[PDB]
Amino acid sequence: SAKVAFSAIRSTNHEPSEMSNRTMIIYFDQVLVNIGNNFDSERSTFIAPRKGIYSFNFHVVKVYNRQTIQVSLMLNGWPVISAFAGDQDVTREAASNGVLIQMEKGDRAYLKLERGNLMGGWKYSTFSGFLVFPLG
Amino acid sequence: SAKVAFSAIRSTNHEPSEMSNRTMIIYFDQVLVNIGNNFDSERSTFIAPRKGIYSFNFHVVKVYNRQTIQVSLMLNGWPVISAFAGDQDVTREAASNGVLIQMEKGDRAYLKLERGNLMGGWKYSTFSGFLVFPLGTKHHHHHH
Amino acid sequence: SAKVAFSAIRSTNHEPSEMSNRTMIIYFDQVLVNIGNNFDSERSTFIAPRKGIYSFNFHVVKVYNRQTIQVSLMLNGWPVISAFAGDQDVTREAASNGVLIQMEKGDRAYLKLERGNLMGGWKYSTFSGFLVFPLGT
Ligand SMILES: *[C@@H]1O[C@H](CO)[C@@H](O)[C@H](O)[C@H]1NC(C)=O
Ligand SMILES: *[C@@H]1O[C@H](CO)[C@@H](O)[C@H](O)[C@H]1NC(C)=O
Ligand SMILES: *[C@@H]1O[C@H](CO)[C@@H](O)[C@H](O)[C@H]1NC(C)=O
């Protein structure tokens, strides 16, 4: 099965759980796509089912919370890429980035809040990824 | 044919047509890619040729118009994801987002301006998408 | 081989080289992915190994440097798409865009800084792309 893809969104203003405060992981409640069921909605983590090149994209949308944030795409406790978002009232802004990375079976991909907080919720945030092609 | 992909850009300063004012749809005049010819440039809509997982990306670039905007990727006239863009003169701002969604044959994907306007044009804006992989009748239909 | 993909990032605060000032090309020092080895790290340019539809994405992250910038994706010395980024101190912001384009073998893809400068470095910047599917004559 070379068909692997997932897509998740934050669909509500709801505040960060105590677990979020603890783990600093950005959680996505609603999953539009999860072929291969390789994305664990509970931990909001993608576990690669096989060795290959995966694509990832994320947009973390925040509101005026008096805070500036930094989101990082994580690979097994290692940062791959980072995105930033300032603080102002006129609009929402997004910490967005994307990348191709090689993953091994059982490698974990997820988003971490490296800085700031997501008070006021992070509605409209998105996290998606898919296997571009596998490797031997 | 599992090869399906399209790419369109806004290449001019030109203002929104009177049609745009009514439909609130973001139109892209120049098409760089349209394999399968499933993207109709005139109405700027992607009609899925088959059931599968599709990727979509868009960057809507605006100029200072005293309004803040919200762009949404639409699936059969209902929003899937949204992007925002502030109001600023020193620079252009982009309402950007992207997502993977399941589509059925005849499902329509396009960008609609949920709020604000694009006076001053939306030059350099981009909208693209492609079939990641198809699906058979074993998979249930998507909820949207 | 229909497997072609590359991914590069700017991992340091380091300033633009004297070469960068001349060519206006945005350079990425660290390569996360380069299947087919079609991405030249030295010149930060992707040379298409075959005719097909390629996907490209880039995020150029700048800091407060008294300048506003414009980054463009170049195809054989011609701009395809562009991105912009204002100037303010409260945060970093990114000039981001992406597109699908048809390329033939030997076509060159790279990022050029059309305006402003990247003093203060462009750390956390990203540039990636891959062959979606090939095409025949
Ligand atoms: C999480 O931390 C914030 C402070 O950043 C606090 O206001 C909030 O009550 C905490 N939420 C939970 C569920 O612990
Ligand atoms: C569209 O509406 C705006 C105000 O929302 C108006 O200024 C503009 O003139 C309208 N478009 C045209 C073509 O008249
Ligand atoms: C590159 O150019 C900028 C401004 O044009 C200048 O401040 C900087 O010193 C230059 N760097 C080198 C290495 O020439």
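Residues numbered from 1 in each chain as written, not as in the entry; some residues may be left out. Chains lettered and ligands numbered in written order. Heavy atoms only, no water.

- Per the PDB record, this model was obtained through X-ray crystallography at a reported resolution of 2.801 Å.

**Side note on the overall build of chain B**
- Counting its secondary structure elements, chain B contains 1 helix and 10 strands.
- In sequence order, the secondary structure elements of chain B are arranged as β-α-β-β-β-β-β-β-β-β-β.
- In terms of overall dimensions, chain B has C-alpha extents of about 50 × 25 × 25 Å along its principal axes.
- By residue count, 55% of the 144 residues in chain B fall in the buried class. (Helix = DSSP H or I, 4+ residues; strand = E, 2+ residues; numbered from the N terminus. Buried < 20%, exposed > 50% of the residue type's maximum accessible area, 1.4 Å probe, protein only.)

**A word on the sheet that holds strand β7 (residues 78-85) of chain C**
- Ordered in space as β3-β4-β9-β6-β7 (chain C), the 5 strands form an open sheet in which the pairing is antiparallel. Each of the sheet's edge strands pairs with one partner strand only, and the pair in question is β3 (39-40) and β7 of chain C. (Pairing = 2+ DSSP bridges.)

**Digging into the site of ligand 3**
All names here are of chain C.
- Ligand 3 sits among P16, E18, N21 and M119.
- In this structure, an oxygen atom belonging to ligand 3 sits 2.3 Å away from a side-chain N or O atom of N21.
- Burial of ligand 3 by the protein amounts to 43% of the accessible area it has alone, namely 360 Å². (Near = heavy atom within 4 Å. Polar contact = N/O pair within 3.5 Å; in protein donor to acceptor, adjacent residues only side chain to side chain. Areas by Shrake-Rupley, 256 points an atom, 1.4 Å probe, with all protein chains shown as cover.)

**Some words on the sheet that holds strand β1 (residues 5-9) of chain C**
All names here are of chain C.
- Reading across the sheet, the 5 strands line up as β2-β1-β10-β5-β8 and stay open at both edges, with antiparallel pairing between neighbours. Each of the sheet's edge strands pairs with one partner strand only, and the pair in question is β2 (30-35) and β8 (93-103). Put simply, the sheet's adjacent strands are angled 5° from each other on average, direction ignored. (Axes fitted to C-alpha atoms, helices over the stretch in contact; angles between N-to-C directions.)

**Structural notes on the side chain of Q70 of chain B**
- Take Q70 of chain B: it is sitting in strand β6 (residues 69-75).
- In contact with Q70 of chain B, other than residues within four places in its own chain, are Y124 of chain A together with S82, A83, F84, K112, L113, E114 and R115 of chain B. (Contact = heavy atoms within 4.5 Å.)

**Describing the interface of chain C and chain B**
- Every contact between the two is made by 21 residues of chain C and, on the other side, 19 residues of chain B.
- Taken together, both faces of the contact between chain C and chain B bury some 1,500 Å²; the carbon and sulfur share is 70%.
- Between chain C and chain B we count 0 salt bridges in total.
- The tally of links between chain C and chain B comes to 3 residue pairs in polar contact.
- Among the elements of the structure, β7, β8 and β10 (126-134) of chain C are those that each provide at least two residues to the side of chain C that touches chain B. (Buried area = accessible area lost by both parts, 1.4 Å probe. Salt bridge = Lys/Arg side-chain N within 4 Å of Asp/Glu carboxyl O.)

**Concerning the interface of chain A and chain C**
- Across the boundary between the two partners, chain A contributes 22 residues, which contact 19 residues of chain C.
- At the boundary of chain A with chain C, total buried surface from both sides reaches about 1,500 Å², with 70% on carbon and sulfur atoms.
- Together, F84, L100 and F133 of chain A form the three largest contributors to the area buried by chain A at its contact with chain C, with a combined 38%.
- Between the two partners, chain A and chain C, sit 0 salt bridges.
- Looking at the side of chain A that touches chain C, the elements with two or more residues in it are β7 (78-85), β8 (93-103) and β10 (126-134) of chain A.
- Top contributing element to the side of chain A that touches chain C by residue count: β8 of chain A, with 7 residues.

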